[PDB]
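Before any comments, here is the structure.
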Amino acid sequence: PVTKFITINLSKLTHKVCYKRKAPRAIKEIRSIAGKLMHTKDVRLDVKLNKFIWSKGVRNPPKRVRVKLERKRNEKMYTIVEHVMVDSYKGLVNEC
Amino acid sequence: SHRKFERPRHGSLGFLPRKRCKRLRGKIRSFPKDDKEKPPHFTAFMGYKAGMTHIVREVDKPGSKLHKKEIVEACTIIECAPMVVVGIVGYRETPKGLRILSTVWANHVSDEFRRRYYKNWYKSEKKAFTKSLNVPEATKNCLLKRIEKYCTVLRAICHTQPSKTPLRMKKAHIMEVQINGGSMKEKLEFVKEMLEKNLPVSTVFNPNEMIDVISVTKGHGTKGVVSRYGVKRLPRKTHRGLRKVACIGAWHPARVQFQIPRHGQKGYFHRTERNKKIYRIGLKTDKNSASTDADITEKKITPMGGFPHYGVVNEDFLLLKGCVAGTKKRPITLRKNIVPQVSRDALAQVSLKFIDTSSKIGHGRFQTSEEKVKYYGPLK
Amino acid sequence: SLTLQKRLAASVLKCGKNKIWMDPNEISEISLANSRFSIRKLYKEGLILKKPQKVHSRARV
RNA sequence: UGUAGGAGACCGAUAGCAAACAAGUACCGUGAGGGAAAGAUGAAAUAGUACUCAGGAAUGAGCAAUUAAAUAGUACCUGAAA
RNA sequence: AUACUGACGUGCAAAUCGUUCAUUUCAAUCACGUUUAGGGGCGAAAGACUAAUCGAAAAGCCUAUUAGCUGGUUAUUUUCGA
RNA sequence: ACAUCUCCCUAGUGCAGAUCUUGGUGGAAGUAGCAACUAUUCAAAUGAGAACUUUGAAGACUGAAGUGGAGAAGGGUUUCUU
RNA sequence: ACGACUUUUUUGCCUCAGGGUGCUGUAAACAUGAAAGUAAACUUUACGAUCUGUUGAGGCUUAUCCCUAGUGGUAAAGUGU
Numbered sequence: 015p016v017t018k019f020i021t022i023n024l025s026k027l028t029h030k031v032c033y034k035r036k037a038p039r040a041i042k043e044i045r046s047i048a049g050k051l052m053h054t055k056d057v058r059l060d061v062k063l064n065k066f067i068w069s070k071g072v073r074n075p076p077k078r079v080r081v082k083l084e085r086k087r088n095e096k097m098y099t100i101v102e103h104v105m106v107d108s109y110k111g112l113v114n115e116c
Numbered sequence: 002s003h004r005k006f007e008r009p010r011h012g013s014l015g016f017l018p019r020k021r022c023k024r025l026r027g028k029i030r031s032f033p034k035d036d037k038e039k040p041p042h043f044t045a046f047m048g049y050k051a052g053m054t055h056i057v058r059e060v061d062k063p064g065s066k067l068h069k070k071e072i073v074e075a076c077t078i079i080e081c082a083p084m085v086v087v088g089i090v091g092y093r094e095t096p097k098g099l100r101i102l103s104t105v106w107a108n109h110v111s112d113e114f115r116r117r118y119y120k121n122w123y124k125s126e127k128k129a130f131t132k133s134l135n136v137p138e139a140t141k142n143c144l145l146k147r148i149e150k151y152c153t154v155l156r157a158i159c160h161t162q163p164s165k166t167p168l169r170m171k172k173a174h175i176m177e178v179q180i181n182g183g184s185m186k187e188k189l190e191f192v193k194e195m196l197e198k199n200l201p202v203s204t205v206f207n208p209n210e211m212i213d214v215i216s217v218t219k220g221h222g223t224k225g226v227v228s229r230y231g232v233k234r235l236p237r238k239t240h241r242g243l244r245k246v247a248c249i250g251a252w253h254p255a256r257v258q259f260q261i262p263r264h265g266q267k268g269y270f271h272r273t274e275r276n277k278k279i280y281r282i283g284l285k286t287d288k289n290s291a292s293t294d295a296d297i298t299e300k301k302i303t304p305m306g307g308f309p310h311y312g313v314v315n316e317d318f319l320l321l322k323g324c325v326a327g328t329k330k331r332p333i334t335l336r337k338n339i340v341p342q343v344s345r346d347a348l349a350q351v352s353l354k355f356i357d358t359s360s361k362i363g364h365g366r367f368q369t370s371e372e373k374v375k376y377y378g379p380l381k
Numbered sequence: 002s003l004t005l006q007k008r009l010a011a012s013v014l015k016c017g018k019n020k021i022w023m024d025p026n027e028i029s030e031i032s033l034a035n036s037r038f039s040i041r042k043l044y045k046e047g048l049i050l051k052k053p054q055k056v057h058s059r060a061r062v
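Residue numbers (the deposited numbering), protein chains in the order written: chain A7, 15 to 88, 95 to 116; chain AE, 2 to 381; chain AT, 2 to 62.
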C-alpha cells in the first residue's frame, strides 16, 4: 500500500460540459481518476476536498487541485482522496 | 405539370452513394499509361499533410491584368519521409482483368512495416515473416525469371517510415506504386537495384512538376441535407421544421427516386484532385530549406510554434500550390499526371519570393523566435 | 428517524426548522427522545443547538 | 300485487328474475336516476400443507409428508382455443 | 384573449403552455345569499346560454316507436331451375 | 353418470362474417415514450438492498403578490404516535 | 447517433511540470509618490474618484496547440478459435 501526491488539472477534464453539471463533473472526475490510478473500485472523497472544489460555485470549479491519495485495506482495498491547500501550483510535480 | 422555374439539381450525381470510404489510406484508381520510350521510374509517392502556409510568388504571365507583380497564394505542406521499397509484383492481362502472377520480396523488412500485418503488435509473439524471408536466392531468381518472361505490368511495394514523423501510429502505410518505362527486363532491373534501399521524393519528381493528389476528405459524421447537398432553406413559418427538402418526389412513379438528396454521411470520401503545381522540393539536411534569394535568412519550413496538430517537420517536404483534400495528420498520395501536361502553366518556372514561417496559432508577428526575443528585449 | 425530534425542537426553541442543529454524533441518545421534556434535557446538555441567523448587514447601505 | 302452498315434456351460471354469491349491493350521476361483476377442493380438512435443507424475504427443493388422487394445494372440478 | 394561424395536438389540459397583447374608480371586478325552468327561462342579441348536453336541456316512459332504405340472415347430398 | 338408429312425439336445434354481443388474447413492442416548474454534491447512519429514507457538511432556489402564517367552501380521520 | 473506423499498450503511452507558441492588457502588494480639492493642527496631520512607479506585468494557453529518455504512473487477463 502506497501514498501519492498528485495535481489534477480539473480545467482540461471539465472543459466539455455545461455550467449546470460543471461542479458535479469535477467531483465525478476526481472519483474516476483516483480509482483508475490507484486500482480500486472504491474511492472515498473527503468533505474538505468537496468543499474546496465547490468553493467558487457551480460555474467555475478551481482550475487545479492538489490531491493526496491513500491506499487502505480494512472488497477489502479502498482509497481516500484528501485535499492539500497551496500558495501556488507552479513548479509542483508528482511525488511518492 | 412542369416546375415553375428551372435550376441545376443540387449536388453532383457522380459521387453517389455518399457512403464512408473503406480505408484511411488512399487508393490510386488508375495509373498513367506506359509510354515505352521513357526510362523506368516510379509514378507515385506517399506523404503526410502537415498544414497550410502562404507564399509570395512573382508572375511572368504576359497580357494578364495582374502581370509583373508578386502575388500571394495559399499552399499546402506535405512532409515526405523517404519511402522504403520491400516487394516486386508482376501482373498479367486476362480478359477477366489483371491477375497477379507472383511477388518477390527483399531479404529484410523493418519492424514498422511488420506491425501492419498484425492488429495487436504488443500482444503478439511477432512471428510474422521470418521463414519466407529465409528462403534461398535461387528460389527468388526462379520466380523473378517467371515474372520476367510473361508479366505485362510491374509494380513496386513501398512503405512509409512513420517513426521519421511526429505522428502517433507506428503501423506503417503500405502502398503499391506502378513502374512505367522501358522493357520488362529494364523495369525488373530497376526495381531489383532499388529494392531494400530508401527512396526520397527527388527521385520521383522534379521542380515545377504538375501533380495529381489523392486523399480521403474531412469527416463530419451524419449531416443534414442542407449542409450535405447545399439545398436552400424553407421559410420560417413551416410547421415541422425548415432545414429539410420539401418534396422527395412525384406521386408517380410510386417510389422515392434516388436522385433526391436525403440526410446522411458527409466527409470521409475518396477524392482525386488533378493538376496541382509543386512549388518547391525541400532538402532535410539544409538549414535554408525555407529561405529564398529575396529573404536570405537561415530558417526551416516548420512555422513558428509548429504546425497546428502536426508540430515539427523534420524530413523532406513538398510545398504544393493551393489545397488538397482531408485533415491534419492525414496520409496524402501523390500521383504523376495521367498524360504529360502541355499547358502554358506546365511549362512555367516558379521563382518563389517569400515563404511565411510566422505563427498559424493566432496572428503571427515574427518569422522566428530569435526575431521575437530581439524585438522585445530583456524580460523576466 | 429523527423527524419527530426535529419537529419538537422547533417548537421548544421558538425557531424555524431550518435553524436547528442536531449533533451528527450520539444520534442514538437523540433517537431515544420522545417528549418535549426530553428535548429540553438535550438542549440543556448541548446536543441540540440553535444556529445563528444567516448574517446580513446594513453597513454598506 | 303481497304472502303461503303445490307444479312442470321450462332455464342450467355469457342461461333463467337485472339478481343461485353480503343485489337493488358495489359503482356512477348535482339530480330525476342509471346500476354491475362474481356458484363448484376433497369422501373426510375433527385430513388445509408437519419436518429438514437453501434463502434477508418471498419462495424453492427434499432422502422428509396429508390423501385413493396434490400435474386435487385453497388462482383449488373438468380445463378447449387464441 | 389580440397576435404568434408559436408550443402541445396517442396533450402537462376532452381548450393546457410560452411570448406578445387588451383591461385597472367604473356601463368596473369578485364572493356568498337570493330570484326566474324547457317551445320554457334568460340574452348590451351570437340562435348565445340554461352543469363537457342546445335552430328546442337533462331523466324515464308511451316504446321492442316507425323506416318502399343499409347491413346481416347458421349441416350435407340429390333433382328440376328463373 | 351415460345412451337409444326400435318407433315416434317435441323444440329457444346446427354460424366465419352482422363497424354483431360478451369474455379473453396477439403482431404492432421492450417501441412511442417517462422534456414544464434554474441544480445539486460529499460524508455518516439505518437496512437484505439506498441517485430520490434519516443526519451532518457544502452549494443553491422560493424571495413576504412566497411551496410562509392564518382562515372560507369542499374533502373527512387525510391528524399523532407506534 | 450507436455500431463501425483510426490508433497505441515500456526507444511507447498517460500524467503533471518546465520550455515554446500565442491570447488577454499591465495583478495583488507597497510608496514621508502624483491627484480636482477638501478640513484641522501651534510649516505638520487627516480624508481622496483617479493616476504613476516597482510592472509588456499578472492571469490563461489542450480539454481535439507545439516540444521534452524531465516527474510520477502503466491495472484486468477475461473470452472465442
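Beta carbons: idealized from backbone N, C-alpha and C, even for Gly.
Closest residue to residue i among the options (Cα-Cα distance)
i, options, result
"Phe-270 (chain AE)", "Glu-138 (chain AE), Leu-155 (chain AE) and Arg-331 (chain AE)", "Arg-331 (chain AE)"
"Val-217 (chain AE)", "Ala-295 (chain AE), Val-90 (chain AE), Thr-334 (chain AE) and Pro-9 (chain AE)", "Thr-334 (chain AE)"
"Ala-349 (chain AE)", "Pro-63 (chain AE), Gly-98 (chain AE) and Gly-15 (chain AE)", "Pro-63 (chain AE)"
"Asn-276 (chain AE)", "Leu-144 (chain AE), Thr-293 (chain AE), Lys-267 (chain AE) and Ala-347 (chain AE)", "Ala-347 (chain AE)"
"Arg-115 (chain AE)", "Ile-175 (chain AE), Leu-144 (chain AE) and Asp-61 (chain AE)", "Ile-175 (chain AE)"
"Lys-7 (chain AT)", "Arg-59 (chain AT), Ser-32 (chain AT) and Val-62 (chain AT)", "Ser-32 (chain AT)"
"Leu-14 (chain AE)", "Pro-262 (chain AE), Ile-279 (chain AE) and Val-110 (chain AE)", "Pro-262 (chain AE)"
"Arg-100 (chain AE)", "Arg-156 (chain AE), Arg-234 (chain AE), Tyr-118 (chain AE) and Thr-140 (chain AE)", "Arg-156 (chain AE)"
"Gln-162 (chain AE)", "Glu-113 (chain AE), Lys-288 (chain AE) and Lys-120 (chain AE)", "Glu-113 (chain AE)"
"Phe-130 (chain AE)", "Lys-375 (chain AE), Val-226 (chain AE) and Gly-88 (chain AE)", "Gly-88 (chain AE)"
"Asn-209 (chain AE)", "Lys-278 (chain AE), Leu-200 (chain AE), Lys-171 (chain AE) and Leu-243 (chain AE)", "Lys-278 (chain AE)"
"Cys-32 (chain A7)", "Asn-74 (chain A7), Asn-88 (chain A7) and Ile-67 (chain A7)", "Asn-74 (chain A7)"
"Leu-196 (chain AE)", "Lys-66 (chain AE), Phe-32 (chain AE), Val-90 (chain AE) and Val-314 (chain AE)", "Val-90 (chain AE)"
"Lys-34 (chain AE)", "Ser-290 (chain AE), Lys-238 (chain AE) and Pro-341 (chain AE)", "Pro-341 (chain AE)"
"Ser-39 (chain AT)", "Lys-51 (chain AT), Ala-10 (chain AT) and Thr-4 (chain AT)", "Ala-10 (chain AT)"
Beta-ladder partner(s) of residue i, from DSSP
i, result
"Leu-83 (chain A7)", "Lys-18 (chain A7) and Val-101 (chain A7)"
"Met-211 (chain AE)", "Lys-278 (chain AE)"
"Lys-322 (chain AE)", "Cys-76 (chain AE)"
"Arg-272 (chain AE)", "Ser-216 (chain AE)"
Per-residue DSSP class, three states only, for residue i
i, result
"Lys-278 (chain AE)", "strand"
"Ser-216 (chain AE)", "strand"
"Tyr-376 (chain AE)", "helix"
"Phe-38 (chain AT)", "helix"
"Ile-261 (chain AE)", "coil"
"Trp-68 (chain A7)", "helix"
"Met-305 (chain AE)", "coil"
"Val-61 (chain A7)", "helix"
"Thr-286 (chain AE)", "coil"
"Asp-346 (chain AE)", "helix"
"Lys-30 (chain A7)", "coil"
"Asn-19 (chain AT)", "helix"
"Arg-336 (chain AE)", "strand"
"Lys-20 (chain AE)", "coil"
"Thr-223 (chain AE)", "strand"
"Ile-356 (chain AE)", "strand"
"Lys-42 (chain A7)", "helix"
"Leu-50 (chain AT)", "strand"
* **Any 3 or more C-beta pairs closer than 8 Å across the region 350-362 of chain AE and the region 300-310 of chain AE** => yes
* Segments of 4+ residues assigned as alpha helix (DSSP H) that fall wholly inside the region 169-197 of chain AE -> 185-195
* To do: Return the chain-ordered ranges of every alpha helix (DSSP H) run that is complete within the region 91-179 of chain AE and spans a minimum of 4 residues.
  => 112-115, 131-135 and 138-151
* Asked: Which whole runs of the alpha helix (DSSP H) in the region 23-96 of chain AE are 4 residues long or more, in chain order?
  -> If we require 4 residues or more, the region 23-96 of chain AE turns out to have no alpha helix (DSSP H) run fully inside it.
* Cβ contact (3+ pairs, closer than 8 Å) linking the region 317-330 of chain AE and the region 75-84 of chain AE -> Under the 8 Å Cβ criterion, the region 317-330 of chain AE counts as touching the region 75-84 of chain AE, having at least three qualifying pairs.
* Asked: Between the region 175-192 of chain AE and the region 32-41 of chain AE, do three or more beta carbon pairs fall short of 8 Å?
  -> Touching, yes, given that three or more Cβ pairs across the two stretches are closer than 8 Å.
* **Three CB pairs or more closer than 8 Å across the region 56-70 of chain AE and the region 88-105 of chain AE** => no
* **Inter-stretch contact at 8 Å, needing at least 3 Cβ pairs: the region 256-272 of chain AE / the region 19-30 of chain AE** => The region 256-272 of chain AE is in contact with the region 19-30 of chain AE.
* Asked: Counting Cβ pairs closer than 8 Å, one from the region 99-109 of chain AE and one from the region 133-151 of chain AE, do we hit at least three?
  -> With a cut-off of 8 Å on Cβ pairs, the region 99-109 of chain AE is in contact with the region 133-151 of chain AE, counting three or more such pairs.
* Asked: Counting pairs of Cβ atoms below 8 Å between the region 283-290 of chain AE and the region 50-63 of chain AE, do you hit three or more?
  -> Taking 8 Å as the limit for Cβ pairs, the verdict is that the region 50-63 of chain AE does not touch the region 283-290 of chain AE.
* Asked: Counting pairs of beta carbons, one from the region 224-241 of chain AE and one from the region 187-195 of chain AE, are three or more of them closer than 8 Å?
  -> no
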